[PDB]
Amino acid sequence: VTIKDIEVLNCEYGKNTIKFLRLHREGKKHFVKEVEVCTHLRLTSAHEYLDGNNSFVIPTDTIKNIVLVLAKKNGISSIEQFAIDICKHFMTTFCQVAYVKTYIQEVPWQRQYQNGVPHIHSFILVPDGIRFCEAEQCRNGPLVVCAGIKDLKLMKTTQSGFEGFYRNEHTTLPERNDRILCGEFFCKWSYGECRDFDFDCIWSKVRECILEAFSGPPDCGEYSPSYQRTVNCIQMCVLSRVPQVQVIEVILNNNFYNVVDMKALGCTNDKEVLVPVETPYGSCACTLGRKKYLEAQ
């Protein structure tokens, strides 16, 4: 078996988990953006694999250096603009690059407040969902930017059921019109090539849409007839309220909370003590796109 008998379907390399903090000072007031960056390249040749020839390979160490240099020279107005700047640098600098993908997540530092007063230079880690983005470009193709939020755990204690599902000989699940709906969410949305707007302002607005659609109104909530329907309500709320979102993917990993039978312990448990099942767990996932955007492709 030689190079003649085999096809190269895919080659990809890069640098993962480049961690750094970009500090910005407006007099005594300090601002931080701490990020984790992964940048992957596909080269137009595979001589490093096929021939043991490294002439075209950009060291992963150089990828790291370029990420740090760009953060120093340009600052980080948004992780999206930083991801764009990194992909642009690789495409305009190195003709051996066929494809570049940059992934960035924010370390979720918040400014400390003492009795409602913002601290000039003190922060606390508050992971209430991780902000990320992804930029990718093929040689002479569109630079496509996605933003998202992952590890976002939302729970409501009622206005959730699952009824009228397909029944067969291996279906023991009872019908329920009241249950805890507890979800870990992964949400990712494409802007396509739109790059004009306030990335931070749009991300916050999408996040608000996710929480509002999940919960329903604060005085009464809204019935969810399935995890899948709640995923749909979230996607349709984002697309209704945020025109810059062209495509939205939502993944919901759920935890069932079991009302433990306490009859043998001599008491009745009227939805008072509930035990979460972490494993195994259900997931559902949907990607919706605007007809207009998909046609214009």
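A residue's number is simply how far along the shown sequence it sits, counting from 1.
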> Once you work out the mean C-alpha B-factor for both 167 to 175 and 111 to 119 from the entry, which is higher?
Replying inline: 167 to 175
> Of 98 to 106 and 216 to 224, which one has the bigger average CA B-factor?
Replying inline: 216 to 224
> Between 22, 15, 25, 19, which one tops the list for C-alpha B-factor in the PDB entry?
Replying inline: 25
> Per the coordinate record, which of the options 201, 84, 133, 126 holds the highest CA temperature factor?
Replying inline: 201
> Which third of the chain holds residue 34 when residues are ordered by C-alpha B factor: lowest, middle or highest?
Replying inline: lowest
>> Please say which third, lowest, middle or highest, residue 205 falls into when its CA temperature factor is compared across its chain.
In response: highest
>> Ranking the modelled residues of this chain by C-alpha B-factor as given in the entry, is residue 232 in the lowest, middle or highest third?
In response: middle
>> Ranking the modelled residues of this chain by C-alpha B-factor as given in the entry, is residue 162 in the lowest, middle or highest third?
In response: middle
> Comparing residue 147 with the other modelled residues of its chain, is its CA B-factor in the lowest, middle or highest third?
Replying inline: lowest
